[PDB]
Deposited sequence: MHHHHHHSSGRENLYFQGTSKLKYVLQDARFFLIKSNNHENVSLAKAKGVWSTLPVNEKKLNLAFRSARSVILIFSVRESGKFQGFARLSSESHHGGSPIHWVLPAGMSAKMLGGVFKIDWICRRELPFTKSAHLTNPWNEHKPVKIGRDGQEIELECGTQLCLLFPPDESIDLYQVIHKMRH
């Protein structure tokens, strides 16, 4: 069902993550981590302390789809087991590492979210956005509910964290 998802998403904040390649979304799905540029990592760290949940929604560029979404379970931190991200630029330019819990690892095509606009990007369709763009509450919730259920995920332990 979708009740515990709705509960997780309640009063959440959402941010559009854009990846240049599939390999980085695969590493994120395998290791439960994300790293970004410091201008974005600064935005996420502030959002993490302010919201019950901070939801990242991933799209690989030129893929035409979102690849799922995840919930931040920490602020960024430095000095961890390094992550072999594929970069255009290398290594140091990325800030710290965020720990994330995946809520949906399935894909959603842009064609299915064309009725959702994002007021914080001039009401352009929610698929339109720079890496790190915030998605307003109502658009962001409805977008997450469009994803096919990911039956391999149990939101009980995610709820145990907020």
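Colleague: Which residue ranges of the deposited sequence are not present in the modelled coordinates?
Modeller: Holes in the chain trace, numbered from 1: 1-17, 106-107, 182-183.
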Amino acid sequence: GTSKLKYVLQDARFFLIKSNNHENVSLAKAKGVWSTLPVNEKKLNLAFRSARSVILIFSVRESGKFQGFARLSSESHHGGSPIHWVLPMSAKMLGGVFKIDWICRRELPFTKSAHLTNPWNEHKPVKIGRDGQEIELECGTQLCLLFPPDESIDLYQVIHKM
From here on, numbers count along this sequence of modelled residues.
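Think of the rigid core as the biggest set of C-alphas that the two forms share within 1.5 Å after superposition.
Colleague: I'd like to know which segment deviates more from the shown structure in 8 other deposited structures of this protein: 93-101 or 50-58, using C-alpha RMS over all structures and residues after a core fit.
Modeller: Evaluated in 8 other deposited structures of this protein, the stretch farther from the shown form is 93-101.
Colleague: Higher mean Cα B-factor in the deposited model: 118-126 or 89-97?
Modeller: Per the PDB entry, the higher value belongs to 89-97.
Colleague: Out of 149-157 and 134-142, which one has CA B-factors that are higher on average in the deposited record?
Modeller: For C-alpha atoms only, the mean B-factor is higher in 149-157.
Colleague: Can you work out whether the C-alpha temperature factor of residue 63 puts it in the lowest, middle or highest third of the chain?
Modeller: Highest third.
Colleague: Should residue 27 be placed in the lowest, middle or highest third of its chain by the C-alpha B factor in the entry?
Modeller: Its C-alpha B-factor belongs to the middle third of this chain's values.
Colleague: Among all modelled residues of this chain, ranked by Cα B factor, put residue 55 in the bottom, middle or top third, i.e. lowest, middle or highest.
Modeller: Lowest third.
Colleague: Using only modelled residues of the chain, where does the Cα B factor of residue 105 rank: lowest third, middle third or highest third?
Modeller: Bottom third by C-alpha B-factor.
Colleague: Pull the Cα B-factor of residue 44 out of the PDB entry and bin it into the chain's lowest, middle or highest third.
Modeller: As the PDB entry reports it, the C-alpha B-factor of residue 44 lands in the middle third of its chain.
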